[PDB]
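Below are two forms of the same protein chain, given as structure tokens: structure 1, then structure 2.
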Structure 1
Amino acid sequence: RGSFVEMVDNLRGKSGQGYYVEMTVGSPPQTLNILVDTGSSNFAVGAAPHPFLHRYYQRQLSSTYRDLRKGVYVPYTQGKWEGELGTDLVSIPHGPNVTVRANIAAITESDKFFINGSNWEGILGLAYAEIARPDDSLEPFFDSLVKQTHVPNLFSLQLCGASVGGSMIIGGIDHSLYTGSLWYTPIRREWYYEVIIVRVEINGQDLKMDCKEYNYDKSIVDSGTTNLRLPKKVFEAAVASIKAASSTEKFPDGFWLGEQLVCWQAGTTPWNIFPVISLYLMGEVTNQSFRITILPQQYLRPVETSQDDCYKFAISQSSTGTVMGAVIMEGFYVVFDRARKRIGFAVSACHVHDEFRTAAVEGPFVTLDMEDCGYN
């Protein structure tokens, strides 16, 4: 409890490619790098020699593999994967000292799923059964882990921004990973890690929208998405506010749609004309909320045509609701306290910043009528 030194720094990544953890599956163990994804619920690994892949699960070599004689076809907006369902022994070598029998989807066919040049070979879905595929009776990895061992029902993530690294503490919270206090928001329903946003300010100026707009039709915390993604109507307001905030410099109109990158010469990026962005989240007590504050450092992503510092705007519009992606998560230590159905935020010990402003987590604020903000 409180101290997990063998789990610190157990995540690796390349910028724009996600954060992965080393895992092993089968007997003898086969090592794979696996993307950590709080916005899905399948454990799925490549299992055939797709050319983008460093390595893949070879079921024939595992003496503990148990076939479920059952297929799954999983499309997303950015294409799909199909696989064969089975169970096998799974450990996390820089995780708890345990081995569990878990569902595995062995990916035999995929399109636009694996990244060419990436160093990972599957996805670890950490959200709940309700969105597991084919249906909610395919028990997710984390449910199997808690069912079979004494690991407590929680994990926390510190995603350190830009190559990338970080920590997944399975079973606990490590106090050296954050500063100040944790503040908790209720997980509104266990499917995605759904939360409720109650107010959004751009440089402390409120978007003043009916708050059902910030959660139309949900808001979720997702390490498997890069952007801060905002419902279209909120996106429009957000971006006009940021446009105005920084009319001091100018950039093309394409840039705010993530349709072109923009460029200042090495070390001339003027952070200080970009506003901070606060999100107030429903608190644990009636009429009480807290706010998290992020920086241009989180929303202007480094990309590496040009011999300069070029960034991409990584707030984007959405028709699936708000998505607090790695843009948000990289500022904070985030505790997925499944046992108490809540999610805690604290200032990350690692987050990228400058001399004037830092990411922040502050409370308590009085907000009335917060139950109006959930979309039904």
Structure 2
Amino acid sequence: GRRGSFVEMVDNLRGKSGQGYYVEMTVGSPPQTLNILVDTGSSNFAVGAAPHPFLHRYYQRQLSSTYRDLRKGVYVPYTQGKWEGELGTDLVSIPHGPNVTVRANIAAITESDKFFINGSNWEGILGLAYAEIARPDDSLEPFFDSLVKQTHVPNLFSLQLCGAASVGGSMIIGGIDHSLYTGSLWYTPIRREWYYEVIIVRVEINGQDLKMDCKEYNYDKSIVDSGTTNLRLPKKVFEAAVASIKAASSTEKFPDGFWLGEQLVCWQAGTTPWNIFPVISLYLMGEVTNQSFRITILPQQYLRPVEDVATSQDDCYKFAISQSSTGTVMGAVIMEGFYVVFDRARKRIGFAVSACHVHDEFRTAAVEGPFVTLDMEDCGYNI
């Protein structure tokens, strides 16, 4: 639509709190309109193409004169949910993105399990990571590769995800918009092009170092993934962080079910005691030798509001740091703090403080550096 300038893309994301950020897209001729989840954690573009009780609409191939069948089926399992369907290609646009149309690979989802989310209001997923993790294999070009190859759009995008039961945010395809952040952009390298893999080199909780061998933080990888809710941490790191949070906030008496995300903590509306809870800092590898920077999130990011489970008299929350056995996942808990620039052209990810992050009058999310890391240990997990 129209000029595709950055001002037209600001605020092009919507969602329900806790159910994913999506952008509007059109597929097929004539255009069929669907809300598509923005997922930096995977690389397949896939839309519902069959009735499903959670879907209010879906893509109908037979209606599109520009659809082509690739006669190959496909199966994707994620950490949460799975789906299968048929590969094909079709014309695709983004009404509040660039002003372009691209022929892209589409998976028509015909069966799924625990994938679609009731009331989330989206009907597909946009995998924005690289080919290497696309199913069935890396020869299925992801959408972002197609868009850059076929158009003039610069090889970057950036995301501003805004926390809380409606959320919003922006995907700027092709550049950086100055009104979505304040302060400076700090960049960490993309270690390998598959997931948007990065290296964490130090973790602090309330300024106190977790004091683990830095390889533990990236065992067996660390990714930035807009399709995952939580900050997911490898088991050993999960355990230490909970301990450290529990101590800093004297919540040793909270049930351990709260800490495994099996129960909500509820306070009188307007009284959440933000300040008993510690800020969390990740130091990320810098762009020069032995330099790093940190990102810092508040409890306002790692405690997430949950609605319609209890009286409006009360705010209730879920602990949204959880355990993983497949590496760190810097999910929405992390991304809601910052403006995040996915600078594929220069193999780097940028963080700046988000103009829209939830904070209080005492504390804000921060992005700070440079720090000289006296340690020349290689923090990446290798074997």
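Rigid core here is just the name for the largest C-alpha set that superposes within 1.5 Å across the two forms. Residue numbering: sequential along structure 1, first residue numbered 1.
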Taking the rigid core as reference, which of 243, 208, 250, 147 is displaced at the C-alpha by at least 2 Å between structure 1 and structure 2?
-> 250
Could you tell me whether the Cα atom of residue 286 shifts by at least 2 Å between structure 1 and structure 2 after core superposition?
-> no
Superposing on the rigid core, is the CA of residue 180 displaced by 2 Å or more between structure 1 and structure 2?
-> no
Quick one: core overlaid, is residue 371 moving 2 Å or more at the Cα between structure 1 and structure 2?
-> yes
Where the rigid core has been superposed, how far does the Cα of residue 271 end up moving between structure 1 and structure 2, given in Å?
-> 0.3
